[PDB]
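Engineer:
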Amino acid sequence: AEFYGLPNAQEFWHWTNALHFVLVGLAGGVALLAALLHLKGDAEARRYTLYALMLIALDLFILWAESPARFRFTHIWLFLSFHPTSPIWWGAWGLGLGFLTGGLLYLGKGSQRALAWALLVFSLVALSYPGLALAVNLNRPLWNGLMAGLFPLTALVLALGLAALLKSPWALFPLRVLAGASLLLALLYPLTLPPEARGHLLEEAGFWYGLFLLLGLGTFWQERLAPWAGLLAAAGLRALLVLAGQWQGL
Amino acid sequence: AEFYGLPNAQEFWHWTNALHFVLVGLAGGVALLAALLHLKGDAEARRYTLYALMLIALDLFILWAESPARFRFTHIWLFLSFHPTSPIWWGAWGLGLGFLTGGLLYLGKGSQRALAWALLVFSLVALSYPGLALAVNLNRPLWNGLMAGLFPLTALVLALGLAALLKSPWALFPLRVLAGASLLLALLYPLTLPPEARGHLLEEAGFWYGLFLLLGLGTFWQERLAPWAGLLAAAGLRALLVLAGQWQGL
Amino acid sequence: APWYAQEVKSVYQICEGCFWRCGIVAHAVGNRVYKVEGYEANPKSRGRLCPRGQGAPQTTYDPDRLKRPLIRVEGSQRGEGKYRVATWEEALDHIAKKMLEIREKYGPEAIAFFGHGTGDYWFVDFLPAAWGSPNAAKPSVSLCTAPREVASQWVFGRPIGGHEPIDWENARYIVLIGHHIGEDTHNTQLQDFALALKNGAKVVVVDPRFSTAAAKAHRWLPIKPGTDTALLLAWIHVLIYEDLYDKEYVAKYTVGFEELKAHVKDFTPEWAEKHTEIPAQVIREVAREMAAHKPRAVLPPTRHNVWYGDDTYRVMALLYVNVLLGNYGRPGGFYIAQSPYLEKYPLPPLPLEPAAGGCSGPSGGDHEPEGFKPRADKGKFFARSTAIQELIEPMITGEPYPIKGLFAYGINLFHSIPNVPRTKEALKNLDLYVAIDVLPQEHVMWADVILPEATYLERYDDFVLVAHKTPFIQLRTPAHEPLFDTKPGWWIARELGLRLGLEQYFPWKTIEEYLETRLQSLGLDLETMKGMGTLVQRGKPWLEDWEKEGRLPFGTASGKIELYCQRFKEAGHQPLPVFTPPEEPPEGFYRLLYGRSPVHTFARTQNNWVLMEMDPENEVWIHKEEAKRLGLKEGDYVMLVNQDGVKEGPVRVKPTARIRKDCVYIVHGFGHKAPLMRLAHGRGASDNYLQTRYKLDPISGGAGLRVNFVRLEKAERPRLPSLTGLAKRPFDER
Amino acid sequence: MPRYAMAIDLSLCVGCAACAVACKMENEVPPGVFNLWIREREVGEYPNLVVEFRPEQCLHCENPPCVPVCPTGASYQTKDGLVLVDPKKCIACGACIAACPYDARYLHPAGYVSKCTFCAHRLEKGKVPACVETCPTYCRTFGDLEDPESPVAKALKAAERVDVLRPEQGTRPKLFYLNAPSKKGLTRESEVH
Amino acid sequence: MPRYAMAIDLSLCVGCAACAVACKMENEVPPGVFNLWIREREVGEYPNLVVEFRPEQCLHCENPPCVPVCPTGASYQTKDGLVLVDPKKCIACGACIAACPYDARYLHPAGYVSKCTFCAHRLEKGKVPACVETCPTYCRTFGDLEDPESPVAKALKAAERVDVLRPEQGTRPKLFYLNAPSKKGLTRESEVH
Ligand SMILES: Nc1nc2c(c(=O)[nH]1)N[C@H]1C(S)=C(S)[C@@H](COP(=O)(O)OP(=O)(O)OC[C@H]3O[C@@H](n4cnc5c(=O)[nH]c(N)nc54)[C@H](O)[C@@H]3O)O[C@H]1N2
Ligand SMILES: Nc1nc2c(c(=O)[nH]1)N[C@H]1C(S)=C(S)[C@@H](COP(=O)(O)OP(=O)(O)OC[C@H]3O[C@@H](n4cnc5c(=O)[nH]c(N)nc54)[C@H](O)[C@@H]3O)O[C@H]1N2
Ligand SMILES: Oc1c(Cl)c(Cl)c(Cl)c(Cl)c1Cl
Ligand SMILES: Oc1c(Cl)c(Cl)c(Cl)c(Cl)c1Cl
Ligand code: SF4
Ligand code: SF4
Ligand code: SF4
Ligand code: SF4
Ligand code: SF4
Ligand code: SF4
Ligand code: SF4
Ligand code: SF4
Ligand code: SF4
Ligand SMILES: [Mo]
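Residue numbers (the authors' numbering), protein chains in the order written: chain G, 1 to 250; chain C, 2 to 251; chain A, 30 to 763; chain B, 1 to 193; chain F, 1 to 193.
1. Could you tell me whether any non-hydrogen atom of ligand 13 is closer than 7 Å to the CB of F/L36?
2. Would you verify that the beta carbon of G/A52 is, or is not, closer than 8 Å to some beta carbon of chain C?
3. Between A/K227 and chain B, is the shortest Cβ-Cβ distance under 8 Å, so that the two count as touching?
4. Going by DSSP, what residue range makes up the alpha helix (DSSP H) through F/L49?
5. Mind listing the chain B neighbours of F/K184? Cutoff is C-beta to C-beta under 9 Å, in chain order.
6. I believe G/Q248 touches F/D103 by the beta-carbon criterion, under 8 Å. Please report the beta-carbon distance rounded to the nearest angstrom.
7. Expressed to the nearest angstrom, what Euclidean distance is found between the alpha-carbon atoms of C/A235 and B/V69?
8. List, in chain order, every chain A residue whose beta-carbon is nearer than 7 Å to that of C/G6.
9. For the stretch 48-71 of chain B, enumerate the residues whose C-beta is nearer than 8 Å to any C-beta of chain C, in chain order.
10. Which residues, in chain order, does the stretch 120-153 of chain C contribute to contact with chain B at a C-beta distance below 9 Å?
11. If you run the structure through DSSP and keep just helix, strand and coil, what is F/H108?
12. For B/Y102, write down the residues that DSSP places opposite it in a beta bridge.
13. Say yes only if the C-beta of B/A95 is nearer than 7 Å to one or more non-hydrogen atoms of ligand 7, and no if none qualify.
14. Within the 8 Å Cβ cut-off, does B/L175 reach chain A?
15. Nearest to B/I97 by alpha carbon, out of C/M148, C/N9, C/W209?
16. Could you spell out the range, first to last residue, of the alpha helix (DSSP H) harbouring F/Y177?
17. Heavy atom of ligand 7 less than 7 Å from the Cβ of B/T72, yes or no?
18. Quick test of your reading: C/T17 and C/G103, contact by CB under 8 Å. State the CB separation rounded to the nearest angstrom.
19. Kindly indicate which three-state DSSP category A/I203 falls into: helix, strand or coil?
20. Whether or not the stretch 630-648 of chain A and the stretch 53-71 of chain A are in contact is what I'm after, with contact meaning three or more pairs of Cβ atoms, one per stretch, closer than 8 Å; do they touch?
21. Going along chain B, which residues have a C-beta under 8 Å from C/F13?
22. Specify the secondary structure class of F/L84 as computed by DSSP and reduced to three states.
23. So which residues of chain B does residue 194 of chain F contact, with C-beta pairs closer than 7 Å?
24. Quick one: does A/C51 have its CB under 8 Å from some CB of chain B?
25. Rounding to the nearest angstrom, what Cα-Cα distance links G/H14 and C/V178 in this structure?
26. Would you list the residues sitting across from F/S114 in a DSSP beta bridge?
27. Taking the DSSP output, what are the residues bridged to A/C692?
28. Could you name the residues of chain B that A/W638 contacts, counting a contact when the two beta carbons are closer than 9 Å?
29. From A/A476 to A/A756, what does the alpha carbon distance come to, in whole angstroms?
30. Would A/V102 count as contacting chain B if we go by Cβ distances under 8 Å?
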């Protein structure tokens, strides 16, 4: 209760790493739309493959931009070591090989639709890694097992929300299906925590939490409210869980 | 290491109950289908309501036929008290009221959209309570937070898989979206566990688990294998987590 | 539904759980004792009870418990299990008729009487002498306590007794040699040991195994087996040569202390460490520490002492150390135990009377010209106690005359006497073999006539007298009447006694008649005795109380420290030089050590569902590194094969270290081959079936058991019935 | 008004299941189940060999996870700190078994769930529990935690160390272990192999 | 090949912060961050007041959650049991800070993660850490756990009790608190509120 000096219990991932969390949701989700649109033969497979390349690249820039290690150029090691136990490592390659693969697909060469299978795999790695980068830390009570489920569900709500605003006919229905799955797990999450972890969550966020749950109920009303309301709900929850879970707490 | 007598650490939920677990998934998810159908004003809303009623009846019958207190007639207390903190209490009231609500819908009595929204809410209570009946036991390392995510999504793969065998046209696409979600979260599940618990899941199960993960992949292949494969993966996964997670273990 | 909400009837009752005989209250509701409890005034239980005492009542409500007399179908072999129900009248006639025939062509000494438990007074002490056979014995003498009783009779003039006289509450330093307290679960001594620990009593344990008592010790000396006398001699040497002993005490109460100092000249902590394997510094430190605490430092003598053939020497040496510390009769470790006064029931002297020997000719003087035929083991060892294991040979060869006919009153022939094959040959050759018991054990079903005894809760027994700081008398009253066709042992004895001309012995027509006579003597009657279950009398415990009166206790007027002028003379040696290096296990083998499970009594509790459910099997203790070289792990099973090829049913392996690499350990009493005791049948390994050989103590009739070696052979897990299934069979008093 | 508890001295416990058998008898606990059992574990090699004997049974947790999870209201916590079951409401759903972190409860064959009762039947008539009365070593103590005179209160006051099983669940057990034999505390299966 | 460890005898720690200041001077740890800090907590009420002075720092866990989590490989565990950071490969992502259960890790203002180092720089020249060196109360010891002549080894042997922070986690902390002042062990915030 009293200290000489202080434990390094200060926030470590700030509002900027909460912003990247939201974009890699999009980047991975859209890369999934793209490969599926390929595999399916759809005329739109190209439009969505060059978007995913921008979203992926925007994120990888925000990832280096927000790193205090940027002008020390140490990221080359992210690609010169084998580290399968590391969620973040898996996301470096998943977004890196996912980029090349999406390049060799947009420049119609190298190979076709055997390459959409590789894009599908790399997009699943990119959709999976954040969720596990949090849940892997078993010392953080709030970042429980549900993060591994709440993040991939929420990244597809982001990708389908975007897709539906760029008026693609197919996007609304699956966005309202994954948004229902997303919102129901988000409601059950608090009931899954131990009492002190939940109490911490409701005093720190919550309103904010119960706001984004309410806001998300807007995907099931009108259009041009729908993709917006589900999009703000998915990014709300994503950013708030990264911000409120950096607690170690007893 | 050695005992005089023994701790009561034996399986408390049998193959019998695991069956109840697969069934309440079906029951709840078909009651969601009937609710959403009445809500679109679609013609099939009537027989889906009969089915959700049948599966609700079949599930309450085996919840009672498998109870050691089946002839002591004490289930009446489930209904004469208020226990909001208990998943099984929520489950009893959701199904129960969901069976009256769906009873009046079938008999065109006591209103009809206001009864379809009710069926919607009670079918969300029934889809939600199983994963929480597991997940609230923070002493059991395998029943972590993801159980609150794995159980609702898997109950949907069961209902939609059934709807598609009955040849309803709308469902073979949602079945593939929801089966992709369920299999992705099911694959990341073991990676969400402390080492010793993952090692325990792998020793005791897995090979069954890994077989259920492969199986479910056939939901994206041949048209009429797709619902069987999706049904068996979702039911195998639910029963395996129920039997393998009854461990306190240090 | 609960028993305590239902109407109850209590009674003051003794526990027959084991021979400690704790005073208990039994709570019955109708014909069934639901609960039993210790009681405060009783000096043994004082309100508490061990596990065996608590579970002891279920044998009375065991569906396999013996109910009717039975006689062996004519023409069927003993062993084969063919019987036909009989009447008490018919079975009792058949026994007397047969007994009388053996007596007309052989004499009455051709009938051996083996027995144990409370009613052994009738079968082993009374009936045999009233009938005229000196061949009466109990396993608690040559298979337990003989070495120390003999050592004690020679050194002090007293026994150590059934309630060993240790003043635990004032003890300050305690040395346990093989004495496992906490596994050996005798009530009061558990209580006392626990109270000593509690008050800051530091305990040293000497044992090749890290036992429960060692788990509570300040020092554990992992001694090489069969080597304790070298450690005792070297401690005797340190207290004499470093001049730490109690000088006065030896000067006023000790004879021949000088012979001991010279004997022990070369037995130094360095000579000891060589055989003992305990470092010489440790040997020294332990003797100094105990000298620093006198007279409140004690080496209490253990109860089971047959370990090796030399045994009386080890105990003598342990007693010298206690004497040298000045603790006997002083508060610290030995109070002086006097027997209570309850006058015997008036009767004519018995044809044969006993000789509680110790000095000046207690061997065979009365056995040579004195009337007609001495106990059949008369020339085999020095001491005068009857040895159960030596009178078995006479039944096979007819050597020392012939013993046809044998009685087994509650004594496990196949688990308590070594060399089971030899005992079976001996039953083969008998003309009559009767067994009085409750359960259908493997040795009861080899009998011509089985008589079902009534259990301790459905029975009255002659009083239980306990020599103690404050001597006392206990009385057990039925909690309810016998079940089925069951009869008390006092009744069975009297009924046989009237049939063989012994009416002058057995005159009284009933046990309460008998009990009223002894209560007259003391100043009470039956109803008042039932009122205060136990009776405490005044006695003495120190030396002052004795001394001020101008007397001392002993044997001959001064404890003789080397300890016995008449053995010297005609036997050979007086002192305990027989540290006698022990024969070692052959390579590939281990010494077989054995002991108690806190929850099971000897062998008789293996069919008890309340107790088997706490401990359903034994487990072989091997050092972690040996089980590893062998290819054995945690849940494996194994057969134990002894140096003579005998294999003992599959036992679980227990690779956890708390034992030397020289040894292996298993709890005694498992391995029953008795199909009718449905939950004890086929479980664990029997130590006795592996104890094929034994080294006869030439001084105290004892059969050294720790002389057997065993090796382990990988075996399959056993397939056995479900214990819960069997335990659930309802008890029907028909 | 009291807050009921139990204290067991492990420095004195020798693992003779006396308490376990006394409870079996006093409470008529059927064959395949147990309200009380003893666990025995060794720790270490030759020159530092410790053995821990440990009775385990309902700890009558102050914050019992085994109560909120019950659908009927059969599972309840008393005003003095006893966790009990009203068999009249019990549906034998096993929710309380899933929730107890100590393997303290079982399905009794009569159709309802059972477990250590702190001998409520004896407590009500002013007696001490069966385990507490039959105990050669005098290592268990019982009483009102709030009364400075009660035997548990005294026992805790005189203890060198106090431990509780799985303290990190947050159940607040009311069965205290005194003076554990091992320096590192109560033994766990995880600190083995 | 040895197993490096630190032991702190809390019966002697007075929480003066000498070790903490000796560390800051030696490793020139920058303002605002700490390799080592002291935590002081009272467990209360008059006749029974207890104060725990507890220095905290990297425990150099034997099974460190901060190593596996690193994408770069800059977080490595050494052959003798030191967890160190090679700043050449560090991308300052914080994954290790997220996985550290003890708050022992910080972002150095020079753009890489830092934390106590077991004074690696001194261990190679054959010296004892700076905090161990300055300690006025002689309460902290160090050495190879496997060498029984080690000051850690001898102290662990002499301790009345040995504890570790969050044992329930996977880690196997190699910083041992010896004689904890409160009977219930090391103080926790949940045990207050
Ligand atoms: N191999 C080996 N032998 C030993 C020992 C050992 O450790 N190993 N220990 C030795 C020692 S120390 C002792 S003291 C003795 C004890 O030896 P025993 O007393 O012979 O041992 P138990 O195995 O209990 O056998 C008791 C027999 O009496 C029966 N019985 C029990 N209660 C009653 C009753 O009320 N009435 C009647 N009629 N019968 C009853 C039981 O069914 C069983 O047949 O054994 C000794 N023998
Ligand atoms: N639970 C229970 N308790 C009982 C009984 C029972 O049947 N059940 N029976 C009672 C009776 S009658 C008796 S006789 C006793 C038996 O019990 P004890 O009288 O205590 O027997 P001991 O043979 O002294 O002790 C057994 C210990 O002796 C050890 N030992 C073996 N060889 C040697 C050696 O060479 N040197 C040393 N120092 N130790 C050695 C073994 O390792 C074991 O740890 O217990 C009594 N109490
Ligand atoms: O979900 C339930 C479960 Cl698992 C059980 Cl065991 C019971 Cl009894 C009931 Cl009623 C429900 Cl709803
Ligand atoms: O996902 C990432 C996160 Cl969260 C950080 Cl902080 C960094 Cl530096 C990088 Cl490279 C990736 Cl990929
Ligand atoms: S010591 Fe135990 S088993 Fe023996 S008589 Fe006493 S209570 Fe019964
Ligand atoms: S009765 Fe006493 S010694 Fe026996 S298990 Fe219980 S607490 Fe331990
Ligand atoms: S099994 Fe009985 S006591 Fe337990 S939660 Fe169910 S109804 Fe309640
Ligand atoms: S010990 Fe078991 S029964 Fe008692 S409160 Fe805790 S979880 Fe409930
Ligand atoms: S307190 Fe009651 S329930 Fe607990 S062990 Fe004792 S008798 Fe059994
Ligand atoms: S030198 Fe000792 S007392 Fe001072 S802060 Fe460091 S550990 Fe604490
Ligand atoms: S901050 Fe540096 S040491 Fe820590 S995980 Fe990232 S790259 Fe590894
Ligand atoms: S205490 Fe934390 S930072 Fe230090 S080695 Fe252990 S897990 Fe890593
Ligand atoms: S070992 Fe070195 S770096 Fe660690 S706290 Fe001590 S002085 Fe600081
Ligand atoms: Mo004995």
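No residue lacks a Cβ here, since even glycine has one placed at the ideal position from N, Cα and C.
Structural biologist: Result, derived from the coordinates:
1. yes
2. no
3. yes
4. It is not in any alpha helix (DSSP H) - F/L49 carries neither H nor E in the DSSP assignment.
5. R161, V162, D163, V164, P167
6. Indeed, because the Cβ distance is near 7 Å, the residues count as touching under 8 Å.
7. 26 Å
8. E642, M643
9. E56, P65, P68, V69, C70, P71
10. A134, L135, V137, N138, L139, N140, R141, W144
11. DSSP places F/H108 in the strand class (E or B) of the three-state scheme.
12. Paired residue(s): none; B/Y102 is not in a bridge.
13. yes
14. Not closer than 8 Å to any Cβ of chain A, the Cβ of B/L175 fails to qualify, so no.
15. C/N9
16. Counted as a single uninterrupted DSSP element, the stretch harbouring F/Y177 is not any alpha helix (DSSP H) but the beta strand (DSSP E) occupying residues 175-177.
17. yes
18. So it is not a contact: roughly 26 Å between Cβ atoms.
19. It is a strand residue.
20. Here the stretch 53-71 of chain A makes no contact with the stretch 630-648 of chain A; the two share fewer than three CB pairs at distances below 8 Å.
21. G94, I97, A98, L107
22. strand
23. Not covered by the structure: residue 194 of chain F. The range shown for chain F is 1 to 193.
24. No, A/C51 lies away from the interface with chain B (no Cβ there is under 8 Å from its Cβ).
25. 33 Å
26. F/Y106
27. A/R620
28. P31
29. So the two alpha carbons sit approximately 27 Å from each other.
30. With its beta carbon at least 8 Å from every one in chain B, A/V102 lies outside the interface.
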